[PDB]
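Observations on chain architecture
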Amino acid sequence: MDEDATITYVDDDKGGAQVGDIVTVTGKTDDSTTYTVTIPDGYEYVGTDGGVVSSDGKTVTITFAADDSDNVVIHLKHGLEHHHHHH
């Protein structure tokens, strides 16, 4: 049996509306992964829940669960737009 962990970037400024797409990673409860958080144009790192977040916040140690399915939620707000491609 394979267990999953979904890393969903959401816009904490826009009522949790999705930024980009979901990162679907799978493995075993025995395995733990290290994921670097990607900050796109005009979006600000608020916080992360699920997946054990590092003291710097820019990396997150995730672990796969058949109970939870480790839904890692990365919250982002709107900063100052300098007129260009949103992502």
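Cut-off values and rules
- Residues numbered from 1 in each chain as written, not as in the entry; some residues may be left out.
- Heavy atoms only, no water.
- Helix = DSSP H or I, 4+ residues; strand = E, 2+ residues; numbered from the N terminus.
- Buried < 20%, exposed > 50% of the residue type's maximum accessible area, 1.4 Å probe, protein only.
- Contact = heavy atoms within 4.5 Å.
- Areas by Shrake-Rupley, 256 points an atom, 1.4 Å probe, with all protein chains shown as cover.
- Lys, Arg positive; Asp, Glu negative; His and termini not counted.
- Charge placed at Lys NZ, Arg CZ, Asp CG, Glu CD.
- Core = buried A, V, L, I, M, F, W, Y, C linked by side-chain atoms within 4.5 Å.

Per the deposited record, determination of this structure is attributed to solution NMR.

1. Remarks on the overall build of the chain
The helix and strand inventory of the chain stands at 0 helices and 7 strands. N-terminal to C-terminal, the α/β element order of the chain is β-β-β-β-β-β-β. Projected onto its principal axes, the C-alpha positions of the chain cover 45 × 25 × 20 Å. Out of the 87 residues belonging to the chain, those deemed buried represent 31%. Sequence-distant contacts in the chain: of pairs separated by 6 or more residues, those separated by 24 or more amount to 66%. Looking at the chain as shown, the accessible area adds up to about 5700 Å², and 51% of this sits on carbon and sulfur atoms. In the chain, 4 positive and 17 negative side-chain charges are present, and the distance between their average locations comes to 5 Å.

2. A short note on the nonpolar core
Ranked by size, the top nonpolar core spans 13 residues in total, and within it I7, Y9, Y35, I62, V72, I74 and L76 carry the most contacts. Those residues in contact with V72 that lie beyond four places of it in its chain are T6, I7, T8, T48, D49, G51, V60 and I62.

3. A look at the environment of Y43
Relative to the elements of secondary structure, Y43 occurs in strand β4 (residues 43-49). Spatially, the C-alpha atom of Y43 lies 22 Å from that of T61, the residues being 18 residues apart in sequence. In contact with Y43, not counting residues within four places along its chain, are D11, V19, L76, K77, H78, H86 and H87.

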